[PDB]
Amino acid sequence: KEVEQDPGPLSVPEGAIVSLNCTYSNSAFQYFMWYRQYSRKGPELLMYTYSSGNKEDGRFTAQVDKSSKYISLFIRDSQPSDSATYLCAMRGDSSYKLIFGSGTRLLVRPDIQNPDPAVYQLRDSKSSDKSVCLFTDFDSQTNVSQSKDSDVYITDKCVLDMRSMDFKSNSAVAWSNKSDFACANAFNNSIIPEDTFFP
């Protein structure tokens, strides 16, 4: 009663087709269904199928192959709202007990129409001391790596959406209490586009 599933996390661009899948060894498993789990939420049913065949619902197609003992979930035209962990759940007919796979994290990256790569300095409010560098408006085809040492903290990309203006963007943050630390060489260890600024 054990099922295999690569945890990922796989990162794909909005519109990309994605493939998730589990494999198992017990032939007793006769029912299969995919659940979806959003960060800090409970799992929610998404798809389910019996024996061999392929169930298609909108952008999702679920399959199962009892011979290969292999189950898959295809998401076409991946949308940001699809970012979550997908868990395959299976069981036999002698019990309603479900067996789950560890689950795969999928991060589908928002497609930002007009990039404007730039890094800024934000001042501490009231009175605090620790430079805070913002890297923003860069395209989703850009990765943000961790800083060499630990005194310089960095958070991965994050997309915000200003629904009032049909506009969205990314941003990563880097802060440190270290003296030599300054924006401009704040993201050195990351492959960033040509754009950068300085006050």
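From 1 onward, residues are counted along the sequence shown.
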| query | finding |
| --- | --- |
| Residue range whose averaged C-alpha B-factor is higher in the record, 151-159 or 48-56 | 48-56 |
| Comparing 129-137 with 65-73, the one whose average Cα B-factor in the PDB entry is higher | 129-137 |
| Top Cα B factor in the deposited entry, candidates 113, 104, 95, 78 | 113 |
| Which of 179, 25, 11, 19 ranks first by CA B-factor in the deposited coordinates | 179 |
| CA B-factor ranking of residue 39, expressed as a third of its chain | middle |
